[PDB]
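Protein sequences appear in the order of chains A and E. Under the entry's author numbering, residues 14 to 167, 172 to 468, 472 to 913 are what the first sequence spells out, in order. Just so you know, the entry's author numbering puts 1547 at position 66 of the second sequence, and the rest follows in order with no gaps. Note that the Cβ used here is the ideal one computed from N, Cα and C, for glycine as well. For reference, the structure is listed below as structure tokens.
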Amino acid sequence: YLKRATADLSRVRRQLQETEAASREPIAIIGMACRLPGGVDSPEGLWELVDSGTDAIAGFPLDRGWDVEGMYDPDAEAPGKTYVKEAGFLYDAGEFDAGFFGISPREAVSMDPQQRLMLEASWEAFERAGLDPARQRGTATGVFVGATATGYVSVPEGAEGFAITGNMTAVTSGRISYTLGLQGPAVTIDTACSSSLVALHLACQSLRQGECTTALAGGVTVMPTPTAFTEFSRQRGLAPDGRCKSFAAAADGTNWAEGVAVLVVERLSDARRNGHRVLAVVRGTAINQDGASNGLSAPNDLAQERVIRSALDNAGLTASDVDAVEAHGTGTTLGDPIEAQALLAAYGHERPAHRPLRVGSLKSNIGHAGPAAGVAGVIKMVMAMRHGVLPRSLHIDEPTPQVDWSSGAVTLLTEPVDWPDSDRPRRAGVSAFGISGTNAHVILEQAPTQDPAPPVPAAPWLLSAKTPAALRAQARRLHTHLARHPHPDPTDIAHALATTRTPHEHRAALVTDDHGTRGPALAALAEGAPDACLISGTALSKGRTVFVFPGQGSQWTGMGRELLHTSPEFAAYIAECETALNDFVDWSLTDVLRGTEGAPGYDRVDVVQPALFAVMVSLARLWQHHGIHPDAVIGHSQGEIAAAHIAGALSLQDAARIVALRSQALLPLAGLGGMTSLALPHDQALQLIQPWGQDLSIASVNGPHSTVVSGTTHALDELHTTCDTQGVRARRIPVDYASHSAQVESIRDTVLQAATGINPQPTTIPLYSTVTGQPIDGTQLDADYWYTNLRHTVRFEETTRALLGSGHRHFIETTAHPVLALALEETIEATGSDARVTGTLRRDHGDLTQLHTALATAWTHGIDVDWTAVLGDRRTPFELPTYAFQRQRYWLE
Amino acid sequence: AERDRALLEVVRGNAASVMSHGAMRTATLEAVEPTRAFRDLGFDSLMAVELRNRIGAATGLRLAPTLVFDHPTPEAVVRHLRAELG
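Here it is, written out as structure tokens:
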């Protein structure tokens, strides 16, 4: 009895532990983006800056209307002046690809560069997370941004309305959600210099509470006016030389910096489930207040110790588990000692003396980036953890004598130190304090180390951009990125390019199974030159899709053979077709396609028509498996049986029965007639055959100048001599039967018997009948319909004109070889439509290279393809360059 | 006036690409005559339509599928593109 009570308690205890752990779940950082002083436009650029120990402080910008010469004065009490001459700037703060985000040049000029910087950084951060930014439309993705109003509008005609939302601080976060159609909350936070780290704390809590699935957390600072320099230098808070000498004896103030820094975060369990690459984990986070400090602007060491201990408790860690802190470290004589004291008390006591907490600050390289500073520091530490090095902190002549450094094991990063991976995970804290008293501390941990794929031949490499120039830059940047890489798997690159990047209007695809061919084709695309394996085009904005199912002529000895081995889906559909034909046929479909000994060949009408039916049905099902769902289907003669099956009117058994028995019904007419293609319009072809009366018939009208005629051997021989005399080009079709002629009346009963017991159902995809020239109800495809199909003219051109007239712009011939493509191109030409025609396989090209060439060509024209079905669900994530933004300068003068 | 040399490179470059599918892709453009018929360079109906598609994508024009047979040489194709553009 007590075993059930004890079993219940064991379950409840486990559920209590895992629920409590979920409330403090580690948050994965899966993507980052930034633009910081000194040429930084990426996390690796930021790493290069701190690894090289570079000082990015430089002269004030000269293209912002600032009175740089007149504003200088060494006297701090001089009004409207500043004693600072250098600081951290984004000298390209006005550069923005306005067109990419559908923003007019005039709205862009009146738009605050903080909003513009956040838009490009957000796009790049999602791309670096392996997330196609457009696939985030309609998701519960939150946006948490730290930012302040910096007076960009101190306005072009017809853009004062744009200037309002373009300069609202709330819209710095809101515009991201609007532009990317994100549905989670967009909050703009202002806690002064801790804003972006508070924004990260809120994004983490939003994820822990299930409010968001993914979130953007960051900050931005642009100083379009020199106000922050004139105001804080009056308070003597700035360093005269412009350098933040974090924790140095020579520290004599802080200095301002511009920047944008964003993270894409998600719960660690969701990153592992989604197969995202975890760059680092936010294990613990906490925010608090100074409370009753020695003044509103003064820092409080007791409050900083408390926020650190709260972040450690939230992470389930102690002080000794943290190897380093990316400190707030502003370089002020007031702030620095207080932060170092709190670090010595909170971190420096329960740890080995030979393993001190190593302290540094990104502000020593670029200056204090205000709202953006906190998240900029976490990007620095994520890169430090990935490179295995703790970089140096600049300008430390001597550790500040205002701190009792002997009172705890906390040492400054006066020189770089190696960060060993062995034993335990690397961990670091990041701090951000503000003038309003709100503190933030975050505890980062190294990505867990607990995180065999065969290739797909001729895997298409897709590339696209909003303009041709941007597409050339996409190719150039990808070519450079691949050169700085020893041996990347081509299928992994193909999967990343197709599943983690947005398909824009101007498209390109590299389809090849050879080595050394893709690199040169990328360089050709980059330079605007063509290449054999380079398919290019502009996606049609709108257009419905049609699968075309021809009749005679697409067979070849070997069709389906390569695909049966290299495509288990095609083999499964052929196996279904074979089971469906077995009851009506003496031969084996698989044996016929393989050309096995004793099996019949395509010389018999009763084996080539049901084999072509099986290939076309299987190729249509293969296109649907790859995500191409047609809006309409059209068939030519016997081809209508495959079209009716794909449309849902006929079951595979009923359709196999019709094609098998109707083609067997033709056998008594062998040798009694044939068919000949005339290069003539329908009206002239009809005039030509009148002398022979009922002995000749218009069998099909496929294009404006393409008519097929059928009838008796005698009348065709006479017609051919007349053609020789009149100069009308005619080509005999290699068939021994005159389908669509009076001769099929003699087999009418046996042809009607072929469809006995069929139960025609309504269509799920409209069937545009080549018997009637219009859409037809699936329930009308009875036995008399299949006799009329065989007896009367195939109105393929007229039915094509009805498809073009109802918004159909993509025609896919689902065949072993393209036989109705020229006729389609001819009718499209005559009508003046912007429609496209692509085949599937060609004769002697029945492999995945050809299938993938067809899929890439269709994608290039605007057909949506499920590249997961084509390339596999998951591959090892391959990081790619971010979008090649085509920027222009937009600055209010 | 010199634009005809740039238009000929679009035609020649794409013709070389259509000829370069499969095993032999050791083809070059500068040496062949601009007055050489595409039929003489081994162009069938599928190659002719593929070349129309490539030129149409490069120039941004809707050309007739019979382009290569209506204008039989790269030279004749250039003056047709020159007429359609200006």
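Contact between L639 (chain A) and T835 (chain A) is confirmed by a C-beta separation of about 7 Å, below the 8 Å threshold. Counting every other CB atom within 10 Å of its CB across the protein chains shown gives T776 (chain A) a total below 16, marking it as exposed.
In the structure shown, the three-state DSSP call for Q226 (chain A) is coil. Of A:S608, A:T586 and A:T790, the smallest CA-CA separation from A595 (chain A) is found for A:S608.
Shown here for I452 (chain A): same chain residues with a beta carbon closer than 7 Å to its own, the five before and five after excluded, namely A209, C210 and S314 in chain order. For the pair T152 (chain A) and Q419 (chain A), the Cα-to-Cα distance works out to about 51 Å. Across the set A:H837, A:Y788, A:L842 and A:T792, the C-alpha of A:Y788 shows the shortest separation from the C-alpha of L824 (chain A).
Within a 10 Å sphere around the beta-carbon of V25 (chain A) sit fewer than 16 other beta-carbons, which makes this residue exposed.
Secondary structure at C47 (chain A): strand, using DSSP grouped into helix, strand and coil.
Put simply, the backbone Cα of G621 (chain A) is about 10 Å away from that of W576 (chain A). Non-local beta-carbon contacts of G394 (chain A) in its own chain, meaning distances under 6 Å to residues more than five positions away in sequence, involve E343, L379 and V447 in chain order. At a cut-off of 8 Å, the C-beta of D509 (chain A) has no neighbouring C-beta in chain E. One alpha carbon belongs to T231 (chain A), the other to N291 (chain A), and they sit about 11 Å apart. Contact between the region 51-71 of chain A and the region 300-308 of chain A is not established, with fewer than three Cβ pairs separated by less than 8 Å. The C-alpha of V295 (chain A) is placed about 26 Å away from the C-alpha of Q28 (chain A). Spanning the alpha carbons of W712 (chain A) and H872 (chain A) requires a straight line of approximately 48 Å. Of A:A390, A:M45, A:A855 and A:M131, the smallest CA-CA separation from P1546 (chain E) is found for A:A855. Distance from the CA atom of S410 (chain A) to the CA atom of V324 (chain A), rounded to whole angstroms, is 23 Å. In the three-state reduction of the DSSP assignment, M398 (chain A) falls in the helix class, which pools H, G and I.
Comparing C-alpha distances from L736 (chain A) to each of A:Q707, A:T727, A:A516 and A:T696 shows the shortest one belongs to A:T696. Contact between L430 (chain A) and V376 (chain A) holds: CB atoms are separated by about 6 Å, below the 8 Å threshold. For chain E, none of the residues of the region 802-825 of chain A brings a beta carbon within less than 9 Å of one of its beta carbons. For a cut-off of 8 Å, the C-beta gap from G384 (chain A) to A274 (chain A) is around 3 Å, short enough to register as a contact. In the displayed model, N1534 (chain E) falls within a helix according to three-state DSSP. The beta carbons of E817 (chain A) and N722 (chain A) sit closer together than 8 Å. If you draw a 10 Å sphere on the C-beta of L483 (chain A), you find 16 or more other C-beta atoms in it, and that means buried. When secondary structure is reduced to three states using DSSP, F1519 (chain E) falls in the coil class, being assigned neither helix nor strand.
The three-state reading of DSSP puts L483 (chain A) in strand, counting E and B together. Of all alpha-carbon atoms in A:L530, A:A774 and A:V755, the one lying nearest the alpha-carbon of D603 (chain A) is that of A:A774. For the region 1532-1547 of chain E, the set of residues with a beta-carbon nearer than 7 Å to any beta-carbon of chain A comprises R1535, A1538, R1543, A1545 and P1546, in chain order.
Bounds of the alpha helix (DSSP H) holding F249 (chain A) are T244 to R251. Cβ neighbours of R289 (chain A) within its own chain (closer than 6 Å, five residues either side excluded): none. In summary, the residues of the region 541-568 of chain A whose CB is separated from some CB of chain E by less than 7 Å are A549, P550, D551, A552, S556 and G557, in the order they occur in the chain. Going by beta carbons, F109 (chain A) and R907 (chain A) fall inside the 8 Å limit. Within chain E, the residues whose beta carbon sits less than 7 Å from that of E846 (chain A) are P1546, listed in sequence order. Neighbourhood of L871 (chain A) in chain E, by CB distance below 9 Å: empty, with the nearest CB roughly 15 Å away.
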